[PDB]
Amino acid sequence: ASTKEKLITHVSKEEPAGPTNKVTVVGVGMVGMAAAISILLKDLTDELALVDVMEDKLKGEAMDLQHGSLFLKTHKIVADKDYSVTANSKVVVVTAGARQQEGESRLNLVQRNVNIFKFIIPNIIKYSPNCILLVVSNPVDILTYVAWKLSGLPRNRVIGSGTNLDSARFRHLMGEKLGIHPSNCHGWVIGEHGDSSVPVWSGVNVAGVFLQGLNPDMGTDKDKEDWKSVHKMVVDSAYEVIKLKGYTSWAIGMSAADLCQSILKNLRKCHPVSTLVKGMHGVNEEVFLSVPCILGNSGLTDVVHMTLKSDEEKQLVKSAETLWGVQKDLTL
């Protein structure tokens, strides 16, 4: 009899229950790992699954993480090239994508990514049919649409990180300017993720007091404080970070973990995420854009309809036309 057989005795004759809040992260590059590390440290999952085509790198990250088990409240951390390791996941974060190339059209980049998703997505759904897909891959808005198409899942179970982090970045800068914690500064950045995103000036407030009211010119050329530059810094953040260190990851990881917390714990919290906006704000095309949504364990179950100005609804309609412009040329 081994030490284990002499020390521990199995007394259950019932089949093991299986994970309750399993999370899978596709792509263990810096973004994937930042999300994984954030999810582990915040004790959100009872089982973390990792997958990536680069086998050695995947095995090393998983191994590195498993060695810290003593400091975590996660039952197990699994990794493998075969997607069967992701079975029964509640949430699957997709960070994988195509490595851009030399002067390659945007339609070709997107199509390259689509081809990558044609493998990934169907393999994810085979082992976790009741999951919720959280797409982080860029371009996020269109790629979320692709994931939604290829998966066959209802809209509530396919979400894009959208402008979740850009709104957090806005609140942070707003916080540094006012001298108060970002969680007390309210502001929303919606629309298309990137340079075309929309800062909704009418909602910027502290304790329910809107700053636009105190400065009606806020966000325009007539602004004596140039708030427009704050949103400009939000869109140029990733670029600035990359110019300084080559990649961007920590902020995105905390944002993804934040989204997973609301999903896993069924919080029903409002987050600006990418979802189907067809029929909203004059948008009639089948595109995904960021708007405030309610997240829980059933996914994106509710969408907030914002009171937007003609100029704002217009920017959204324009972004939607650009996305659809690429989407209608794709082969799914």
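Numbers follow the displayed sequence, beginning with 1.
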item: Which of 260-268 and 48-56 has higher mean CA B factor, as the PDB entry lists it; value: 48-56
item: Mean C-alpha temperature factor, higher of 12-20 and 315-323; value: 12-20
item: Most elevated Cα B-factor in the entry, residues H172, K224, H186, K90; value: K224
item: Largest Cα B-factor, entry values, listed residues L153, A238, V135, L165; value: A238
item: Ranked against its chain, the third holding the CA B-factor of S69; value: lowest
item: Chain-relative CA temperature factor third for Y247; value: highest
item: Chain-wide C-alpha B factor ranking for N284, given as lowest, middle or highest third; value: highest
item: Ranked C-alpha temperature factor of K149 among modelled chain residues, by third; value: middle
item: For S229, the third of its chain into which the C-alpha B factor falls; value: highest
